[PDB]
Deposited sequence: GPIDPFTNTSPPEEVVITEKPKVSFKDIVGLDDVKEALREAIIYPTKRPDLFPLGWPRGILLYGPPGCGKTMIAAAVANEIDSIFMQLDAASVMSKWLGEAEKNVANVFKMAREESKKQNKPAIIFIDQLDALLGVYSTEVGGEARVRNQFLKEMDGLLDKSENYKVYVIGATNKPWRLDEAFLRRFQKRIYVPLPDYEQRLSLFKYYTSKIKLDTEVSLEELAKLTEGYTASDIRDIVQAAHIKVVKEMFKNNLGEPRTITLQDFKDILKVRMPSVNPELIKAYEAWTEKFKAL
């Protein structure tokens, strides 16, 4: 689906994931002591943690299994938690392939099932990349099963420019629209935020097309985007970012 070349920026993140899974997977011999299977991606939501996990899977040519912590939470649903790991081990043996269980919203597993999960982790020493928008909520005992913890931050200028270039590639822009200006004006927003902003501008012009019974939409202008930015605000708070920075600092 995707790989490191498709990902713009995030140097440090790529490096970390090279240390945690990619290198150890290509050359297990250079890691004789045995090396973590727990990986924790954390940061503000709509920042591409899933994309990152899938890319990692792609680079080591792994099996990818996505899991939502809110699906298995709904008790006897406890057994399925082991269902997944089982399937993973078995498939791994089967195809001569590493396996990756990706869990979104890991903090959701936090009363009985959580215990089995942690077991299944301990049975690891197949990788588990968990992802959380709320890492605090994770208690120390849980956080001990993930030794490698990676902070995926808000998109920077280069990335936001990449996102605008992607999302607008297929729609008509005014010849005066600078993708660079959009990137600057979007400091603080998320990847999802950018997607939604572009979708908004597009809808706006489509609504006009239908209303004025034109068979075509007018070019999206810079003012359209500015109006939208006046109304819509970062879906993540400046203080939440700090809350990430002090937790990462916390360890």
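Residues of the deposited sequence lacking C-alpha coordinates fall in the stretches 1-21, 96-98, 135-144, 160-166, 293-295, numbered from 1.
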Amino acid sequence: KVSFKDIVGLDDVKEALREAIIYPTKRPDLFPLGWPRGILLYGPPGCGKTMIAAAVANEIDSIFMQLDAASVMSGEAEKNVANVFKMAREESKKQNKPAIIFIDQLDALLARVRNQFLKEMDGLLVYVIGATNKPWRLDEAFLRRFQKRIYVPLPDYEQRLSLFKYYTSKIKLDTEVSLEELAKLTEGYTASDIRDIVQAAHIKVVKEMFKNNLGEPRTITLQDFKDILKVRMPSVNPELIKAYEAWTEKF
From here on, numbers count along this sequence of modelled residues.
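87-95 and 128-136 differ in mean CA B-factor, and the higher of the two is recorded for 87-95. Comparing the deposited coordinates for 189-197 and 24-32, the stretch with the larger average C-alpha B-factor is 24-32.
Taking the PDB entry at face value, the top CA B factor among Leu154, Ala141, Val177, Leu163 belongs to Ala141. For the set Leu173, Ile150, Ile101, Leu109, the maximum C-alpha B-factor listed in the entry falls on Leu109. In this PDB entry, the Cα temperature factor of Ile52 sits in the bottom third of its chain's modelled residues, the lowest group.
In the PDB entry, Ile60 places in the middle third of its chain by CA B-factor. In this PDB entry, the Cα temperature factor of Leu214 sits in the middle third of its chain's modelled residues. When the CA B factors of the chain's modelled residues are split into thirds, the value for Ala183 lands in the lowest one.
In this PDB entry, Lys242 carries a Cα temperature factor that places it within the highest third of its chain's modelled residues.
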